[PDB]
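Dropping entry-v4.pdb in here (PDB, C-alpha atoms and all ligand atoms):
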```pdb
ATOM      1  CA  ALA A   1      35.873  -6.664 -30.837  1.00  0.00           C
ATOM      2  CA  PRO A   2      37.740  -9.426 -28.919  1.00  0.00           C
ATOM      3  CA  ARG A   3      35.595 -11.443 -26.491  1.00  0.00           C
ATOM      4  CA  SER A   4      37.848 -10.278 -23.663  1.00  0.00           C
ATOM      5  CA  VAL A   5      40.373  -7.512 -23.112  1.00  0.00           C
ATOM      6  CA  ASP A   6      42.655  -6.761 -20.190  1.00  0.00           C
ATOM      7  CA  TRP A   7      45.049  -3.853 -20.653  1.00  0.00           C
ATOM      8  CA  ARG A   8      46.891  -4.685 -17.438  1.00  0.00           C
ATOM      9  CA  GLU A   9      48.366  -7.649 -19.333  1.00  0.00           C
ATOM     10  CA  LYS A  10      49.846  -5.296 -21.959  1.00  0.00           C
ATOM     11  CA  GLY A  11      51.536  -2.952 -19.442  1.00  0.00           C
ATOM     12  CA  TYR A  12      49.090  -0.022 -19.706  1.00  0.00           C
ATOM     13  CA  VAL A  13      48.070   0.140 -16.008  1.00  0.00           C
ATOM     14  CA  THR A  14      49.849   1.334 -12.863  1.00  0.00           C
ATOM     15  CA  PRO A  15      49.198  -0.318  -9.514  1.00  0.00           C
ATOM     16  CA  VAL A  16      46.021   0.544  -7.577  1.00  0.00           C
ATOM     17  CA  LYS A  17      46.250   3.835  -5.660  1.00  0.00           C
ATOM     18  CA  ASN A  18      44.255   5.182  -2.700  1.00  0.00           C
ATOM     19  CA  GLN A  19      42.552   8.589  -2.806  1.00  0.00           C
ATOM     20  CA  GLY A  20      42.108   8.587   0.969  1.00  0.00           C
ATOM     21  CA  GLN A  21      39.614  11.040   2.510  1.00  0.00           C
ATOM     22  CA  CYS A  22      39.669  13.488  -0.402  1.00  0.00           C
ATOM     23  CA  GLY A  23      36.971  13.612  -3.087  1.00  0.00           C
ATOM     24  CA  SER A  24      39.506  13.187  -5.876  1.00  0.00           C
ATOM     25  CA  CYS A  25      38.215  10.055  -7.592  1.00  0.00           C
ATOM     26  CA  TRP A  26      37.991  12.103 -10.839  1.00  0.00           C
ATOM     27  CA  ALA A  27      41.716  12.818 -10.682  1.00  0.00           C
ATOM     28  CA  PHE A  28      42.600   9.092 -10.309  1.00  0.00           C
ATOM     29  CA  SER A  29      40.304   8.205 -13.169  1.00  0.00           C
ATOM     30  CA  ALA A  30      41.963  10.882 -15.343  1.00  0.00           C
ATOM     31  CA  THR A  31      45.551   9.933 -14.452  1.00  0.00           C
ATOM     32  CA  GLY A  32      44.639   6.279 -15.148  1.00  0.00           C
ATOM     33  CA  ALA A  33      43.369   7.082 -18.627  1.00  0.00           C
ATOM     34  CA  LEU A  34      46.341   9.349 -19.381  1.00  0.00           C
ATOM     35  CA  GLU A  35      48.855   6.740 -18.003  1.00  0.00           C
ATOM     36  CA  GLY A  36      47.357   4.310 -20.547  1.00  0.00           C
ATOM     37  CA  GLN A  37      47.544   6.682 -23.490  1.00  0.00           C
ATOM     38  CA  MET A  38      51.051   7.877 -22.710  1.00  0.00           C
ATOM     39  CA  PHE A  39      52.092   4.209 -22.515  1.00  0.00           C
ATOM     40  CA  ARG A  40      50.582   3.567 -25.977  1.00  0.00           C
ATOM     41  CA  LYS A  41      52.458   6.612 -27.316  1.00  0.00           C
ATOM     42  CA  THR A  42      55.934   6.158 -25.779  1.00  0.00           C
ATOM     43  CA  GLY A  43      56.138   2.610 -24.377  1.00  0.00           C
ATOM     44  CA  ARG A  44      56.809   4.069 -20.899  1.00  0.00           C
ATOM     45  CA  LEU A  45      54.419   3.544 -17.993  1.00  0.00           C
ATOM     46  CA  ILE A  46      54.880   6.509 -15.651  1.00  0.00           C
ATOM     47  CA  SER A  47      52.670   7.164 -12.660  1.00  0.00           C
ATOM     48  CA  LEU A  48      51.023  10.632 -12.898  1.00  0.00           C
ATOM     49  CA  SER A  49      50.284  13.232 -10.206  1.00  0.00           C
ATOM     50  CA  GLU A  50      46.702  13.325  -8.953  1.00  0.00           C
ATOM     51  CA  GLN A  51      47.813  16.065  -6.570  1.00  0.00           C
ATOM     52  CA  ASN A  52      48.759  18.274  -9.539  1.00  0.00           C
ATOM     53  CA  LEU A  53      45.162  17.905 -10.809  1.00  0.00           C
ATOM     54  CA  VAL A  54      43.608  18.486  -7.401  1.00  0.00           C
ATOM     55  CA  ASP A  55      45.650  21.624  -6.721  1.00  0.00           C
ATOM     56  CA  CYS A  56      45.663  23.235 -10.188  1.00  0.00           C
ATOM     57  CA  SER A  57      42.585  22.460 -12.320  1.00  0.00           C
ATOM     58  CA  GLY A  58      40.178  24.913 -10.677  1.00  0.00           C
ATOM     59  CA  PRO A  59      40.107  27.184 -13.757  1.00  0.00           C
ATOM     60  CA  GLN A  60      38.810  24.238 -15.782  1.00  0.00           C
ATOM     61  CA  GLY A  61      35.970  23.689 -13.324  1.00  0.00           C
ATOM     62  CA  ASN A  62      37.284  21.109 -10.871  1.00  0.00           C
ATOM     63  CA  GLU A  63      36.680  21.443  -7.134  1.00  0.00           C
ATOM     64  CA  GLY A  64      39.711  19.695  -5.573  1.00  0.00           C
ATOM     65  CA  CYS A  65      38.698  17.321  -2.793  1.00  0.00           C
ATOM     66  CA  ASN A  66      35.004  18.203  -3.343  1.00  0.00           C
ATOM     67  CA  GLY A  67      34.724  16.552  -6.757  1.00  0.00           C
ATOM     68  CA  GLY A  68      35.409  17.188 -10.408  1.00  0.00           C
ATOM     69  CA  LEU A  69      35.244  15.814 -13.940  1.00  0.00           C
ATOM     70  CA  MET A  70      37.714  13.739 -15.886  1.00  0.00           C
ATOM     71  CA  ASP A  71      37.144  15.885 -19.002  1.00  0.00           C
ATOM     72  CA  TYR A  72      37.975  19.026 -17.002  1.00  0.00           C
ATOM     73  CA  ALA A  73      41.221  17.247 -15.924  1.00  0.00           C
ATOM     74  CA  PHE A  74      42.081  16.432 -19.551  1.00  0.00           C
ATOM     75  CA  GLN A  75      41.365  20.073 -20.468  1.00  0.00           C
ATOM     76  CA  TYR A  76      43.715  21.224 -17.705  1.00  0.00           C
ATOM     77  CA  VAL A  77      46.522  19.103 -19.040  1.00  0.00           C
ATOM     78  CA  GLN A  78      46.063  20.587 -22.525  1.00  0.00           C
ATOM     79  CA  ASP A  79      45.742  24.207 -21.276  1.00  0.00           C
ATOM     80  CA  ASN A  80      48.687  23.710 -18.934  1.00  0.00           C
ATOM     81  CA  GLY A  81      50.999  22.076 -21.460  1.00  0.00           C
ATOM     82  CA  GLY A  82      51.893  19.245 -19.143  1.00  0.00           C
ATOM     83  CA  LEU A  83      51.298  17.157 -16.050  1.00  0.00           C
ATOM     84  CA  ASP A  84      53.840  16.237 -13.395  1.00  0.00           C
ATOM     85  CA  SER A  85      54.864  12.716 -12.425  1.00  0.00           C
ATOM     86  CA  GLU A  86      53.598  11.190  -9.161  1.00  0.00           C
ATOM     87  CA  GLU A  87      57.248  11.025  -7.984  1.00  0.00           C
ATOM     88  CA  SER A  88      57.740  14.775  -8.520  1.00  0.00           C
ATOM     89  CA  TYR A  89      54.417  15.956  -7.089  1.00  0.00           C
ATOM     90  CA  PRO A  90      53.290  13.338  -4.544  1.00  0.00           C
ATOM     91  CA  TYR A  91      49.730  12.726  -3.368  1.00  0.00           C
ATOM     92  CA  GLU A  92      48.681  14.519  -0.141  1.00  0.00           C
ATOM     93  CA  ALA A  93      44.877  13.863  -0.075  1.00  0.00           C
ATOM     94  CA  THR A  94      44.192  17.567   0.709  1.00  0.00           C
ATOM     95  CA  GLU A  95      43.633  20.589  -1.556  1.00  0.00           C
ATOM     96  CA  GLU A  96      46.763  22.780  -1.578  1.00  0.00           C
ATOM     97  CA  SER A  97      48.176  25.665  -3.630  1.00  0.00           C
ATOM     98  CA  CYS A  98      49.183  24.768  -7.181  1.00  0.00           C
ATOM     99  CA  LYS A  99      52.847  23.655  -7.298  1.00  0.00           C
ATOM    100  CA  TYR A 100      53.077  22.536 -10.922  1.00  0.00           C
ATOM    101  CA  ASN A 101      56.665  22.460 -12.169  1.00  0.00           C
ATOM    102  CA  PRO A 102      57.092  22.055 -15.931  1.00  0.00           C
ATOM    103  CA  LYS A 103      60.598  20.613 -15.441  1.00  0.00           C
ATOM    104  CA  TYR A 104      58.953  17.403 -14.195  1.00  0.00           C
ATOM    105  CA  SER A 105      56.155  17.192 -16.708  1.00  0.00           C
ATOM    106  CA  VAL A 106      55.958  13.659 -18.155  1.00  0.00           C
ATOM    107  CA  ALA A 107      52.528  13.679 -19.862  1.00  0.00           C
ATOM    108  CA  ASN A 108      50.513  15.897 -22.220  1.00  0.00           C
ATOM    109  CA  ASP A 109      47.240  15.749 -24.088  1.00  0.00           C
ATOM    110  CA  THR A 110      45.683  17.413 -27.077  1.00  0.00           C
ATOM    111  CA  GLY A 111      42.042  17.102 -26.054  1.00  0.00           C
ATOM    112  CA  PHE A 112      39.632  14.311 -25.263  1.00  0.00           C
ATOM    113  CA  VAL A 113      36.954  12.128 -26.826  1.00  0.00           C
ATOM    114  CA  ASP A 114      33.532  11.550 -25.257  1.00  0.00           C
ATOM    115  CA  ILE A 115      32.272   8.040 -26.153  1.00  0.00           C
ATOM    116  CA  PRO A 116      28.693   7.519 -27.381  1.00  0.00           C
ATOM    117  CA  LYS A 117      26.469   6.634 -24.435  1.00  0.00           C
ATOM    118  CA  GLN A 118      26.031   2.883 -25.110  1.00  0.00           C
ATOM    119  CA  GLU A 119      27.845  -0.187 -23.814  1.00  0.00           C
ATOM    120  CA  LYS A 120      28.516  -1.389 -27.384  1.00  0.00           C
ATOM    121  CA  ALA A 121      30.363   1.875 -28.082  1.00  0.00           C
ATOM    122  CA  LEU A 122      32.250   1.586 -24.786  1.00  0.00           C
ATOM    123  CA  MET A 123      33.398  -1.943 -25.637  1.00  0.00           C
ATOM    124  CA  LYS A 124      34.677  -0.767 -29.045  1.00  0.00           C
ATOM    125  CA  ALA A 125      36.602   2.080 -27.358  1.00  0.00           C
ATOM    126  CA  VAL A 126      38.100  -0.218 -24.695  1.00  0.00           C
ATOM    127  CA  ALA A 127      39.123  -2.703 -27.413  1.00  0.00           C
ATOM    128  CA  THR A 128      40.812  -0.149 -29.645  1.00  0.00           C
ATOM    129  CA  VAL A 129      42.036   2.700 -27.381  1.00  0.00           C
ATOM    130  CA  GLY A 130      43.133   1.392 -23.972  1.00  0.00           C
ATOM    131  CA  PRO A 131      41.809   2.128 -20.489  1.00  0.00           C
ATOM    132  CA  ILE A 132      38.785   4.445 -20.458  1.00  0.00           C
ATOM    133  CA  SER A 133      37.653   6.931 -17.777  1.00  0.00           C
ATOM    134  CA  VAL A 134      34.072   6.238 -16.688  1.00  0.00           C
ATOM    135  CA  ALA A 135      31.391   7.625 -14.350  1.00  0.00           C
ATOM    136  CA  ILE A 136      29.426   5.133 -12.192  1.00  0.00           C
ATOM    137  CA  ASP A 137      26.738   5.184  -9.515  1.00  0.00           C
ATOM    138  CA  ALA A 138      28.840   3.989  -6.555  1.00  0.00           C
ATOM    139  CA  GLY A 139      26.356   5.284  -3.933  1.00  0.00           C
ATOM    140  CA  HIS A 140      25.279   1.950  -2.480  1.00  0.00           C
ATOM    141  CA  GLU A 141      26.736   0.104   0.474  1.00  0.00           C
ATOM    142  CA  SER A 142      26.811  -2.975  -1.797  1.00  0.00           C
ATOM    143  CA  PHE A 143      29.629  -1.208  -3.696  1.00  0.00           C
ATOM    144  CA  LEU A 144      31.376   0.031  -0.528  1.00  0.00           C
ATOM    145  CA  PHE A 145      31.625  -3.540   0.759  1.00  0.00           C
ATOM    146  CA  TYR A 146      32.095  -5.292  -2.600  1.00  0.00           C
ATOM    147  CA  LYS A 147      34.588  -8.191  -2.289  1.00  0.00           C
ATOM    148  CA  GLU A 148      34.530 -10.440  -5.381  1.00  0.00           C
ATOM    149  CA  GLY A 149      32.579 -11.725  -8.387  1.00  0.00           C
ATOM    150  CA  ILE A 150      30.362  -9.708 -10.756  1.00  0.00           C
ATOM    151  CA  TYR A 151      28.895  -6.613  -9.084  1.00  0.00           C
ATOM    152  CA  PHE A 152      25.168  -6.255  -9.729  1.00  0.00           C
ATOM    153  CA  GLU A 153      22.957  -3.773  -7.841  1.00  0.00           C
ATOM    154  CA  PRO A 154      19.212  -3.698  -8.746  1.00  0.00           C
ATOM    155  CA  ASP A 155      18.910  -0.105  -7.382  1.00  0.00           C
ATOM    156  CA  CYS A 156      21.818   1.289  -9.437  1.00  0.00           C
ATOM    157  CA  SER A 157      21.141   4.398 -11.531  1.00  0.00           C
ATOM    158  CA  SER A 158      22.126   4.637 -15.194  1.00  0.00           C
ATOM    159  CA  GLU A 159      21.820   8.446 -15.078  1.00  0.00           C
ATOM    160  CA  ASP A 160      22.977   9.588 -11.601  1.00  0.00           C
ATOM    161  CA  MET A 161      26.712   8.807 -11.338  1.00  0.00           C
ATOM    162  CA  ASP A 162      28.869   9.981  -8.415  1.00  0.00           C
ATOM    163  CA  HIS A 163      32.218   8.235  -8.792  1.00  0.00           C
ATOM    164  CA  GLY A 164      34.949   8.308 -11.483  1.00  0.00           C
ATOM    165  CA  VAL A 165      36.864   5.081 -12.146  1.00  0.00           C
ATOM    166  CA  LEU A 166      38.758   3.409 -15.000  1.00  0.00           C
ATOM    167  CA  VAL A 167      37.683   0.558 -17.287  1.00  0.00           C
ATOM    168  CA  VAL A 168      40.833  -1.537 -18.059  1.00  0.00           C
ATOM    169  CA  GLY A 169      39.039  -4.316 -19.939  1.00  0.00           C
ATOM    170  CA  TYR A 170      36.044  -6.613 -20.145  1.00  0.00           C
ATOM    171  CA  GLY A 171      35.198 -10.303 -20.361  1.00  0.00           C
ATOM    172  CA  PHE A 172      32.918 -13.049 -19.123  1.00  0.00           C
ATOM    173  CA  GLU A 173      32.871 -15.555 -16.224  1.00  0.00           C
ATOM    174  CA  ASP A 178      23.267 -16.832 -17.342  1.00  0.00           C
ATOM    175  CA  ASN A 179      24.336 -13.144 -17.053  1.00  0.00           C
ATOM    176  CA  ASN A 180      28.106 -13.539 -16.951  1.00  0.00           C
ATOM    177  CA  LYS A 181      29.664 -10.513 -18.697  1.00  0.00           C
ATOM    178  CA  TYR A 182      31.637  -7.797 -16.933  1.00  0.00           C
ATOM    179  CA  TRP A 183      33.714  -4.644 -17.182  1.00  0.00           C
ATOM    180  CA  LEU A 184      37.080  -4.813 -15.444  1.00  0.00           C
ATOM    181  CA  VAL A 185      37.214  -1.622 -13.397  1.00  0.00           C
ATOM    182  CA  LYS A 186      40.181  -0.154 -11.516  1.00  0.00           C
ATOM    183  CA  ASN A 187      39.104   1.747  -8.397  1.00  0.00           C
ATOM    184  CA  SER A 188      41.116   4.240  -6.291  1.00  0.00           C
ATOM    185  CA  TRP A 189      40.306   2.887  -2.810  1.00  0.00           C
ATOM    186  CA  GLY A 190      43.483   0.868  -2.256  1.00  0.00           C
ATOM    187  CA  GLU A 191      44.275  -2.819  -2.864  1.00  0.00           C
ATOM    188  CA  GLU A 192      42.334  -4.071   0.162  1.00  0.00           C
ATOM    189  CA  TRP A 193      38.987  -3.104  -1.401  1.00  0.00           C
ATOM    190  CA  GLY A 194      37.354  -5.498  -3.865  1.00  0.00           C
ATOM    191  CA  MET A 195      39.613  -7.844  -5.871  1.00  0.00           C
ATOM    192  CA  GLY A 196      43.017  -6.266  -5.374  1.00  0.00           C
ATOM    193  CA  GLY A 197      41.337  -2.871  -5.724  1.00  0.00           C
ATOM    194  CA  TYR A 198      39.330  -3.899  -8.839  1.00  0.00           C
ATOM    195  CA  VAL A 199      35.642  -4.595  -9.420  1.00  0.00           C
ATOM    196  CA  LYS A 200      33.962  -6.670 -12.108  1.00  0.00           C
ATOM    197  CA  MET A 201      30.932  -4.513 -12.982  1.00  0.00           C
ATOM    198  CA  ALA A 202      27.955  -6.137 -14.772  1.00  0.00           C
ATOM    199  CA  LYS A 203      28.241  -5.600 -18.541  1.00  0.00           C
ATOM    200  CA  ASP A 204      25.458  -5.572 -21.167  1.00  0.00           C
ATOM    201  CA  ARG A 205      22.773  -5.389 -18.490  1.00  0.00           C
ATOM    202  CA  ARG A 206      21.086  -2.103 -19.470  1.00  0.00           C
ATOM    203  CA  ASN A 207      24.053   0.208 -18.812  1.00  0.00           C
ATOM    204  CA  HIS A 208      24.293  -0.869 -15.217  1.00  0.00           C
ATOM    205  CA  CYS A 209      25.327   1.875 -12.798  1.00  0.00           C
ATOM    206  CA  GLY A 210      25.671   4.269 -15.768  1.00  0.00           C
ATOM    207  CA  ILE A 211      29.082   2.932 -16.780  1.00  0.00           C
ATOM    208  CA  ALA A 212      28.558   3.983 -20.462  1.00  0.00           C
ATOM    209  CA  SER A 213      26.842   7.297 -19.636  1.00  0.00           C
ATOM    210  CA  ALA A 214      29.934   9.535 -19.273  1.00  0.00           C
ATOM    211  CA  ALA A 215      32.914   7.640 -20.675  1.00  0.00           C
ATOM    212  CA  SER A 216      35.952   9.410 -22.122  1.00  0.00           C
ATOM    213  CA  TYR A 217      39.665   9.409 -22.758  1.00  0.00           C
ATOM    214  CA  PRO A 218      42.430  11.884 -23.602  1.00  0.00           C
ATOM    215  CA  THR A 219      44.068  12.223 -26.988  1.00  0.00           C
ATOM    216  CA  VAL A 220      47.895  12.444 -26.878  1.00  0.00           C
TER     217      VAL A 220
HETATM  218  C1  LIG B 301      35.024  11.124  -6.031  1.00  0.00           C
HETATM  219  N1  LIG B 301      35.867  10.838  -5.087  1.00  0.00           N
HETATM  220  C2  LIG B 301      33.782  11.893  -5.916  1.00  0.00           C
HETATM  221  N2  LIG B 301      33.044  11.854  -7.117  1.00  0.00           N
HETATM  222  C3  LIG B 301      33.156  12.780  -8.124  1.00  0.00           C
HETATM  223  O1  LIG B 301      33.918  13.769  -8.095  1.00  0.00           O
HETATM  224  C4  LIG B 301      32.306  12.478  -9.366  1.00  0.00           C
HETATM  225  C5  LIG B 301      33.251  12.263 -10.551  1.00  0.00           C
HETATM  226  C6  LIG B 301      32.417  12.686 -11.747  1.00  0.00           C
HETATM  227  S1  LIG B 301      31.489  11.355 -12.335  1.00  0.00           S
HETATM  228  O2  LIG B 301      32.419  10.416 -12.851  1.00  0.00           O
HETATM  229  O3  LIG B 301      30.619  10.938 -11.305  1.00  0.00           O
HETATM  230  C7  LIG B 301      30.538  12.040 -13.581  1.00  0.00           C
HETATM  231  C8  LIG B 301      29.140  12.257 -13.389  1.00  0.00           C
HETATM  232  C9  LIG B 301      28.332  12.820 -14.363  1.00  0.00           C
HETATM  233  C10 LIG B 301      28.847  13.209 -15.591  1.00  0.00           C
HETATM  234  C11 LIG B 301      30.194  13.017 -15.835  1.00  0.00           C
HETATM  235  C12 LIG B 301      30.999  12.461 -14.836  1.00  0.00           C
HETATM  236 CL1  LIG B 301      32.612  12.275 -15.245  1.00  0.00          CL
HETATM  237  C13 LIG B 301      31.606  13.869 -11.168  1.00  0.00           C
HETATM  238  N3  LIG B 301      31.425  13.542  -9.766  1.00  0.00           N
HETATM  239  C14 LIG B 301      30.384  13.897  -8.952  1.00  0.00           C
HETATM  240  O4  LIG B 301      30.262  13.299  -7.852  1.00  0.00           O
HETATM  241  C15 LIG B 301      29.442  14.963  -9.431  1.00  0.00           C
HETATM  242  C16 LIG B 301      30.164  16.219  -9.760  1.00  0.00           C
HETATM  243  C17 LIG B 301      30.953  16.812  -8.774  1.00  0.00           C
HETATM  244  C18 LIG B 301      31.676  17.972  -9.021  1.00  0.00           C
HETATM  245  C19 LIG B 301      31.626  18.551 -10.277  1.00  0.00           C
HETATM  246  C20 LIG B 301      32.415  19.823 -10.514  1.00  0.00           C
HETATM  247  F1  LIG B 301      31.656  20.915 -10.402  1.00  0.00           F
HETATM  248  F2  LIG B 301      33.017  19.899 -11.704  1.00  0.00           F
HETATM  249  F3  LIG B 301      33.422  20.039  -9.665  1.00  0.00           F
HETATM  250  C21 LIG B 301      30.844  17.986 -11.295  1.00  0.00           C
HETATM  251  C22 LIG B 301      30.109  16.825 -11.032  1.00  0.00           C
HETATM  252  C23 LIG B 301      28.039  14.955  -8.895  1.00  0.00           C
HETATM  253  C24 LIG B 301      28.310  14.421 -10.269  1.00  0.00           C
HETATM  254  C25 LIG B 301      33.052  11.897  -4.581  1.00  0.00           C
HETATM  255  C26 LIG B 301      33.803  13.120  -5.016  1.00  0.00           C
END
```
Render the structure in this file as structure tokens.
Amino acid sequence: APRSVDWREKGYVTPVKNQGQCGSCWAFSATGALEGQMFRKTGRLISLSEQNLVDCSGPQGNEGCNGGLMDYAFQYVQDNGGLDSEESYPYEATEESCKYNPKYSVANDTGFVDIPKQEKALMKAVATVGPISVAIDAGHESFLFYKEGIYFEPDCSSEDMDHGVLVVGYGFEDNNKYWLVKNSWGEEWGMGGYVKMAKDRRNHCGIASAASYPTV
């Protein structure tokens, strides 16, 4: 693989969004991964509707503003035959009735791939596929108040993840490697809404434990 990758530089990544006070991190992670794959497929970067996922993917197992899984989101898109644009189905940060309109569908998927649970496998996927949906342990104030540099938390769990985000690349700055991770907490958090998570340090915060992407 390349020594560094940043898919933002290749046009795969929309600006940082803000989930607000709704537990919809999973939906932002999923739209991020699908935005990347649709861009690879068509050459068009189109912002996708998290609200559509929040409101409509209950049958697949998601729980709206109370949490959910990226893979369940990808399954919804496949079952549903589409996903609306952000513009057509704007984000409200509350769970509402499903208002999917196929007229404004701009994305689809044909399934998803779960990446082997190792950082070497994750790097290979990031290098070859595009942005990757990932689960992390974000349940430390050190993450809440993260500002800059490589994030390293001695107490982080590699097995108990509670937050879905998007790996958009990787690189290096003694222990100087990182994953470039797009969050969904607005631009004023971290480095323009991004965090450099410690890479190749024993699967820190479980970043390789539940990584996936949609096929398109
Ligand atoms: C996001 N704002 C917030 N977090 C979640 O919804 C996270 C997202 C995933 S994950 O990325 O943490 C994860 C964890 C383990 C295996 C795979 C993945 Cl993708 C799940 N999750 C959770 O907090 C979680 C959970 C919650 C709901 C469900 C559901 F039943 F399907 F709805 C499954 C799992 C405890 C793990 C804070 C809400």
Can you turn the PyMOL selection byres (((chain A and resi 192) around 12) and not hetatm) into a concrete residue list for this file, as an NGL selection string? :A and (16-18 or 144-148 or 187-191 or 193-199)
Applied to this file, what does the PyMOL selection byres (((not hetatm)) within 8 of (chain B and resi 301)) return in terms of residues, put as a VMD selection string? chain A and resid 19 22 to 26 61 to 72 133 to 137 159 to 165 213 to 215
Would you save the residues of that selection, restricted to C-alpha atoms, as a PDB file, keeping the file's coordinate frame?
```pdb
ATOM      1  CA  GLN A  19      42.552   8.589  -2.806  1.00  0.00           C
ATOM      2  CA  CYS A  22      39.669  13.488  -0.402  1.00  0.00           C
ATOM      3  CA  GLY A  23      36.971  13.612  -3.087  1.00  0.00           C
ATOM      4  CA  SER A  24      39.506  13.187  -5.876  1.00  0.00           C
ATOM      5  CA  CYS A  25      38.215  10.055  -7.592  1.00  0.00           C
ATOM      6  CA  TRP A  26      37.991  12.103 -10.839  1.00  0.00           C
ATOM      7  CA  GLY A  61      35.970  23.689 -13.324  1.00  0.00           C
ATOM      8  CA  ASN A  62      37.284  21.109 -10.871  1.00  0.00           C
ATOM      9  CA  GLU A  63      36.680  21.443  -7.134  1.00  0.00           C
ATOM     10  CA  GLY A  64      39.711  19.695  -5.573  1.00  0.00           C
ATOM     11  CA  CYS A  65      38.698  17.321  -2.793  1.00  0.00           C
ATOM     12  CA  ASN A  66      35.004  18.203  -3.343  1.00  0.00           C
ATOM     13  CA  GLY A  67      34.724  16.552  -6.757  1.00  0.00           C
ATOM     14  CA  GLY A  68      35.409  17.188 -10.408  1.00  0.00           C
ATOM     15  CA  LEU A  69      35.244  15.814 -13.940  1.00  0.00           C
ATOM     16  CA  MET A  70      37.714  13.739 -15.886  1.00  0.00           C
ATOM     17  CA  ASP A  71      37.144  15.885 -19.002  1.00  0.00           C
ATOM     18  CA  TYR A  72      37.975  19.026 -17.002  1.00  0.00           C
ATOM     19  CA  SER A 133      37.653   6.931 -17.777  1.00  0.00           C
ATOM     20  CA  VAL A 134      34.072   6.238 -16.688  1.00  0.00           C
ATOM     21  CA  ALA A 135      31.391   7.625 -14.350  1.00  0.00           C
ATOM     22  CA  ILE A 136      29.426   5.133 -12.192  1.00  0.00           C
ATOM     23  CA  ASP A 137      26.738   5.184  -9.515  1.00  0.00           C
ATOM     24  CA  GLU A 159      21.820   8.446 -15.078  1.00  0.00           C
ATOM     25  CA  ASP A 160      22.977   9.588 -11.601  1.00  0.00           C
ATOM     26  CA  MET A 161      26.712   8.807 -11.338  1.00  0.00           C
ATOM     27  CA  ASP A 162      28.869   9.981  -8.415  1.00  0.00           C
ATOM     28  CA  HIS A 163      32.218   8.235  -8.792  1.00  0.00           C
ATOM     29  CA  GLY A 164      34.949   8.308 -11.483  1.00  0.00           C
ATOM     30  CA  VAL A 165      36.864   5.081 -12.146  1.00  0.00           C
ATOM     31  CA  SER A 213      26.842   7.297 -19.636  1.00  0.00           C
ATOM     32  CA  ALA A 214      29.934   9.535 -19.273  1.00  0.00           C
ATOM     33  CA  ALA A 215      32.914   7.640 -20.675  1.00  0.00           C
TER      34      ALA A 215
END
```
Proximity to residue 158 (chain A) - best of A:102, A:81, A:59, A:210, all atoms listed in the file: A:210
Output the residue selection produced by the PyMOL selection byres (((chain A and resi 1) around 8) and not hetatm) on the file above, formatted as a ChimeraX atom specification. /A:2-3,123-124,127
A:91, A:217, A:39, A:182: which is nearest residue 75 (chain A), counting only C-alpha atoms?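 Looking only at the distances to residue 75 (chain A), the closest residue turns out to be A:217.
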Let me make sure I understand: among A:35, A:79, A:87, A:96, which one has the smallest atom-to-atom distance to residue 54 (chain A) if we use all atoms listed in the file?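 Looking only at the distances to residue 54 (chain A), the closest residue turns out to be A:96.
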One decimal, Å: what's the distance from CA of residue 56 (chain A) over to CA of residue 97 (chain A), could you say?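 Separation between CA of residue 56 (chain A) and CA of residue 97 (chain A): 7.4 Å.
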By how many Å are CA of residue 77 (chain A) and CA of residue 138 (chain A) apart?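 These atoms are spaced 26.4 Å apart.
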Near residue 7 (chain A), counting only C-alpha atoms, which residues have an atom at most 7 Å away, once you skip same-chain residues fewer than 3 positions from it, shown as a ChimeraX atom specification? /A:10-13,130-131,168-169
